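J.: Quick one: the structure is below, and I'll ask about it shortly.
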Amino acid sequence: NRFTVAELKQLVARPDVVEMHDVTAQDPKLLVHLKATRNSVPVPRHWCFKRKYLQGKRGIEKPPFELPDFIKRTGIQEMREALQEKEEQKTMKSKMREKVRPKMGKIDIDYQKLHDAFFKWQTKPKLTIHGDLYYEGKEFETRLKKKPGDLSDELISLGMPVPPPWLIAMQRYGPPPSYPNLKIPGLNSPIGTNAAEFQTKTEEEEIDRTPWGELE
Amino acid sequence: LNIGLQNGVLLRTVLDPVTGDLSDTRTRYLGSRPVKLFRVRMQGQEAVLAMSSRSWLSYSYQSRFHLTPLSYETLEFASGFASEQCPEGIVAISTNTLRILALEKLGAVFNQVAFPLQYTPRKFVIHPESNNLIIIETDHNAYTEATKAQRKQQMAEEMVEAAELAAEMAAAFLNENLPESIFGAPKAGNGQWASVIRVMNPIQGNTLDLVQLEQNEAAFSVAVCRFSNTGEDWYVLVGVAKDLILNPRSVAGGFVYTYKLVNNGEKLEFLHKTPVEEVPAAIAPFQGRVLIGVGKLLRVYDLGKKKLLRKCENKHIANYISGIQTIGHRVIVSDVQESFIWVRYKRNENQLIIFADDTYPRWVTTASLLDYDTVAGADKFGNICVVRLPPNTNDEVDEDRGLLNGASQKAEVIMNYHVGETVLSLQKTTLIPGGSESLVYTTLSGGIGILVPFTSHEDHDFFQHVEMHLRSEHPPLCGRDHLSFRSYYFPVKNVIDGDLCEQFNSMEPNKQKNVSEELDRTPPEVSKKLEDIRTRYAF
Amino acid sequence: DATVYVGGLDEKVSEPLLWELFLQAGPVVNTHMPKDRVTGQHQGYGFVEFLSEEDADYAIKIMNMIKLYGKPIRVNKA
Amino acid sequence: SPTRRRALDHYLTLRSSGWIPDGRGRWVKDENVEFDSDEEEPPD
Amino acid sequence: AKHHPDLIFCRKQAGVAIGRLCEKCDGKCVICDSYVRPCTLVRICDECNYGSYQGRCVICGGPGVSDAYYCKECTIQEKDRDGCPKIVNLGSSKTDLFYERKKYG
Amino acid sequence: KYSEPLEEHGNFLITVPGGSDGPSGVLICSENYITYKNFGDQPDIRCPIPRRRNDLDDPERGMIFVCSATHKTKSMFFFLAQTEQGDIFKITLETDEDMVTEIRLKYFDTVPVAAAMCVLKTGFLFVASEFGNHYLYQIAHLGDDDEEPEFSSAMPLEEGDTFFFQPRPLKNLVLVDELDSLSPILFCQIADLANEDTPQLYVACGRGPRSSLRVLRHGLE
Amino acid sequence: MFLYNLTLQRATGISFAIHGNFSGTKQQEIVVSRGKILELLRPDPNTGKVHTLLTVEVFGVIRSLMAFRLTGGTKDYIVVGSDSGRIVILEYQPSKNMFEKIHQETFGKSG
Amino acid sequence: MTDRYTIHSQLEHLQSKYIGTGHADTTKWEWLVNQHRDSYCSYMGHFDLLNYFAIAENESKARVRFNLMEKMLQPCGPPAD
Amino acid sequence: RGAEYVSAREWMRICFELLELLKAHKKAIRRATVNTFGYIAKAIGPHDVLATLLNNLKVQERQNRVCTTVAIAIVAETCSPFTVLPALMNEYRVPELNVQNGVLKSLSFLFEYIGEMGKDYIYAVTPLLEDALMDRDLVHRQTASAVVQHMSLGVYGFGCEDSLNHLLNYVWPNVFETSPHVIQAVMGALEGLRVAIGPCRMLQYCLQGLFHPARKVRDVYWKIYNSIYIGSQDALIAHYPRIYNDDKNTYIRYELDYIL
Ligand SMILES: [Zn+2]
Ligand SMILES: [Zn+2]
Ligand SMILES: [Zn+2]
């Protein structure tokens, strides 16, 4: 009575989204239609996991919260650290005795500095665009994966004047099979004629970049 | 007390009746020559006429002061006039002439002149050299001229086939003509489309040329452009749908008609007609060639002698294309419901590549480019947005991943605003000489507004505080919330409603004084600041 | 072939650098470059899982191109 | 030289009209792109 | 209340009667039960001010001493538009308290 | 109280003035018909809507009324109802004692299609067109002379075919004032095409035949 | 990018019109709804020209409009139904030249 | 089980009150009929959507409103059972 | 009204005494006590008051801690939040559970109290809340959701939607929690976010799970949809996706597809 995954995948306009269990849906056509619509964010992945959300062994070793920089500029952390480091040395006698004879003007930061922290030095944090749902491993798997033809400064280790050393051999051994469309200079890319870079120069000359309606 | 100066500025100053102490002087700059003031009488009231390079009449309407310039040539001198032929008029001498003038309509912002058309105008373009207009008109349910004539002849045959005197009646039936603008237009049915191209002089209003199309061919787009390969020769491209049904939608096809503009823009000469497989809803000139969006396909067309010629068509736009804008080698495509798409055209690969888009569904009706990175748009639902492109984005994309079933780079929405009525036209322009630019929009209902950017924070804080006071002090008259009204579909962003703010002057004087206390200003100063921004952008 | 074994390295080399090293050839989907805990230093041999076969076949050739700190690097299938 | 820049721009324009430079000094019509039947070779 | 899941609002079509609050409930919001920022006046349906009940507390039912408001947040979310906010059942907590004190006292 | 099925779908209702003045019922306007109904013993009364004689329209299209207005004098009352094509008819009810017996229906004039009409007491008619300019007419004559045929629900009519009338220029109304409306601005372009320094606005608006290109300038005419 | 909105030309299309004795006197006015705007128009009997007396912007969608008289009443009230989820009853004040809200009764959600 | 049945009674209570809320077993047909009918009501309500539709089809607004009211009965075809 | 009749040391020790008034059974005593803390902080300054109140969060019993939390917000509001913010945010690093729940709780009250004025500190406390929403303790997540609800409604109309959308990315995976307190705090946060970032975003989140195969994901998703539908039924007309026609039923809304 129900579709297998192959018929469903051909019946979608877009077959990359279909999963094992979508055929078990009561209306699978509409489900895979909705999964392939623009700007919708997928169901959180742990719906099928037996372990509870965020209850995982890696989460045991999470470090303490760190303040932002504009707050550490106030010096609140050093003051309050010193304060609570004295207050573990006091006995119950001494604590209950300074509760009848208090000590004024102890931990005071001037108001202008605190105002400046909030009304001058505030910086917007790193934010995430819509659809970027958090999942449990996320902050460790945030390294990602940098493409051939784009190099890092450090990869300094080569120390070669600017083409790649390996290419002097890629033309020898051939274009790698894994990449069908890759283009590198000297093999199938201009160091024919080389007018590709001139196009970008001419266009970059053409543009005005003056944002409309900004503050003066 | 009204004063005029060599500079050209008019000073209207309070004068205390019992004491004689001038108070506040709100200067205005009008014209370029010395201004001369003459007292006249309008509506049984004592208005003032100040004449500079252009005349300017200051009067009070609905117990509210106005200053609007006469749309008429400069005058040396003037004075009041009353007689049987004209009860309230102006006698004015320009050099070597004398004339009598009557201002029939007062209190208005625009005067208009109207030039009749036959069907509903969809678009027009301006020929740059001639300054003419090329207008396409289209109607559903309609007969063209020729189909109407054949239909009428068939009916006159039918009057004879019914029954010897009858042909006399049918003669009168062929003869009499009811004027269609006052008796209606005959309605034809579903799928019946009358359409017309018209070339028109904007000053005089006469039809320079007229092209009538076939009975189910409906014009939807127009362009005037010079194809760079063929040389300096203007061509007009008109996109036409063939046999279009609306509910449910179906179309038999499309054509693009090419005309040349001869005789300095007087005439269209038919060149060829090239068939496309879906309705060409947007045509845009693009670096010596043209971009045509046929349905969901974006294609570049080069002029060939037998037809237009196709190069590098794109096929990844989600739905129907409804409008195309260009700057440089960037193309901004307005999907019918998928909002804006940014596409880059790279020459030496000959391909069109989607590099960015938007994160919201938007039913776009129009668009206009504010700068190289910003697009303003409007919906059918009645709201304007301003979408910017984030500073890191590069259009160097070479053709899998994508974010959220779309492009890998997303554009940021930086303004939302619900106008209230469907906007069909945005244009960035300057309205007055020596003004600043603004974004002008015209709604379907007949309204015209502007969206003007603040130049300082101090202005922006003042106007935001005036708005927040008035939302509570002077709430909308039908029980609606203002912040909720302007956030009808998307939350309001970065706009101060000035229609609400200029209702300051309609509040009660205790309320005006109470509000103006917290702005630390007197109610004349608040009215002056509300009136300064309107003055230096607009009318 | 999806994975390769890589010998003969210097501990200043890093897994993130290694990923950028072999993605110069083709992207390393899964990187493994042991960190030894006891003395806190690397022996210098690597295992690489790719998208499919494509990354693996190139792998051996990618070894010749590689040269870390004036020294070569072993790459073979696994 | 400016003339060399202009020649390169002309080469770009030939790259846009659908011409492929696979011929070393010659050009080949691409099948994908619609061309008029009359023209046999790209203009210089 | 928001603290008692078994309590139930009247939710009939509200009328011109103004709802009131007893000394214990003075200054709080009828829906979300907050103490701050009062935005709009509460209207109760006809049946709920019938007869002797005219002027009792909306939230608990005691002698009312001041007018009840919705807070700003319930106004913005339009929680003020759902109906008569009179609580129509005592619930388990009120009943249990009575029997407990009566057992003791 | 009362619930009665209709024969075809109406689209709006007209309050018949009642109490001391006229009978109390409702006029139901439906496609190709106008029907008087009341609760009680009164039988329903139906009058077909007159069509234009020798009309160029598609024959399948029906005809409805788009707006109405009531003129109540102390003497008598009539309704002015406009059809889709712009034809305004007078509607008058004939009462035989307590109930009404027929509806009488007379071609009054042709005016642009309206969203609302308002018979002011001082013999004016205010037509607010649904698009384009609005008009204020003065009522010269009510339609009671000039030998013009008057259709009726009592006039016995054969199965398929209907009444016909012949439209004409204005007879009952004189145009007194016209109010400019830009609705609907379909397209706009702000440009300087007339070489005076300020730009003008070139706008395209209006529906069908009444559409126009307007040039708007800033200032008094 | 902070923008300020201004209206140069108000809407001119007409959705509703009701006629009544709104001013409270012999003269008859019309109250037109221009969708988002409520206007009061008084047409001159001898001259024949229509004059706009009042124009107020209501910030809502006016969806229905009626005129209302109490029994033995001279002045008429304007009853506006809108998308606000409430029903408003308005009275024109000629000495002040402004509409005056007399009643506002809330029954539902907005939109 | 009982929690399933209490969810079920609560959601049918909602659906009677606000027409057009769903539950876990809303079919496609039901959801789309609701959003068709809500669309029609919205079109009737806003004056300029209704202007736009009355211009794009060459119809008068009264005809447009009357056709939309006719479509409210079966907006998406017959029920799919 | 009369603070100059006593020395500052007297107000400090009387301030200390007020912490025993929070164990009262009658609620009116407790809310009069909390108010008095704000009045005193206007005389001896927020830091002396605030250190005392922050020390009181280590207590075990919840009635003491909830009231101390309200008093921290009271002073924070009356002596503007830049004064008491740094110390309160610093106290989140103390390795005790009740203190961390306590700071979160008083931020919740704070954003409720300051209202529109809270657009000035949303960027400050966004990283604190995203640290709390990633936390293993469920309570840490329910109090952070309460903070999001109240902060969301304050900045409505002010263009702070990027922070709020960022926080939605953290709030949203908690929809599959089953505990009722946490489950109603999450729903309150989403209802606050609907009025601040709009119905369109909230529908874009629900869309994929309304017809999901499991009833578990489905009914939770359907009861978010109903909340969006009730609150904003009219705005959703523009935001529904396009469903294609099947064999016998038509599903395209053809009117919107009209082109002028
Ligand atoms: Zn009470
Ligand atoms: Zn509340
Ligand atoms: Zn009740």
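Heads up, residue numbers simply count up from 1 along the chain you see.
For this deposited structure, the header notes the method as electron microscopy, 4.7 Å.
Quick reminder: no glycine exception, Cβ is built from N, Cα and C everywhere.
Taken from Swiss-Prot, the feature N-acetylthreonine applies to H:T2. Marked as phosphoserine by Swiss-Prot on the basis of a large-scale study or a structure entry: H:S9. Residues or ranges marked as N6-acetyllysine by Swiss-Prot on the basis of a large-scale study or a structure entry: H:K17. Per Swiss-Prot, region 'Interaction with SF3B1 and SF3B3' is recorded for H:15-76. Look at Swiss-Prot and you will find H:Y5, H:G20 tagged as site 'Interaction with RNA', backed by experimental evidence.
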J.: Using Cβ atoms and a cut-off of under 8 Å, determine which of the recorded positions H:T2, H:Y5, H:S9, H:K17, H:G20 neighbour chain I, and list them by sequence position, or give 'none'.
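T.: The answer, in sequence order, is H:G20.
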J.: Going by DSSP assignments with H, G and I as helix and E and B as strand, what are the residue counts for the region 'Interaction with SF3B1 and SF3B3' (H:15-76)?
T.: 42 helix, 0 strand, 20 coil
J.: Round to a whole number and give the Cα-to-Cα distance in Å for the pair H:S9 (phosphoserine) and H:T2 (N-acetylthreonine).
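T.: Per the Cα atoms, H:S9 (phosphoserine) and H:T2 (N-acetylthreonine) stand 11 Å apart.
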J.: Quick one: Cα separation, H:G20 (site 'Interaction with RNA') versus the residue listed as 'N-acetylthreonine', in Å?
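T.: Cα of H:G20 (site 'Interaction with RNA') to Cα of the residue listed as 'N-acetylthreonine' measures 25 Å after rounding.
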J.: Please report the distance from the Cα of H:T2 (N-acetylthreonine) to the Cα of H:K17 (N6-acetyllysine), rounded to the nearest angstrom.
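T.: About 23 Å separate the Cα atoms of these two residues.
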J.: Tell me, if you would, which residue among H:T2, H:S9 (modified residues) has the fewest other CB atoms within 10 Å in the structure shown?
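T.: Counting other Cβ atoms within 10 Å of each of the modified residues H:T2, H:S9, the minimum falls on H:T2.
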J.: What's the CA-CA gap between H:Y5 (site 'Interaction with RNA') and H:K17 (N6-acetyllysine) in angstrom, rounded?
T.: 19
J.: Residues with Cβ closer than 8 Å to the Cβ of the residue listed as 'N6-acetyllysine', same chain and 6+ apart in sequence?
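T.: The answer is none.
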J.: Around the Cβ of H:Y5 (site 'Interaction with RNA'), how many other Cβ atoms lie within 10 Å? Please give the count over every shown protein chain.
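T.: The answer is 9 other Cβ atoms.
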J.: With every protein chain in view, what's the tally of Cβ atoms within 10 Å of the Cβ of H:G20 (site 'Interaction with RNA'), excluding that atom itself?
T.: 18
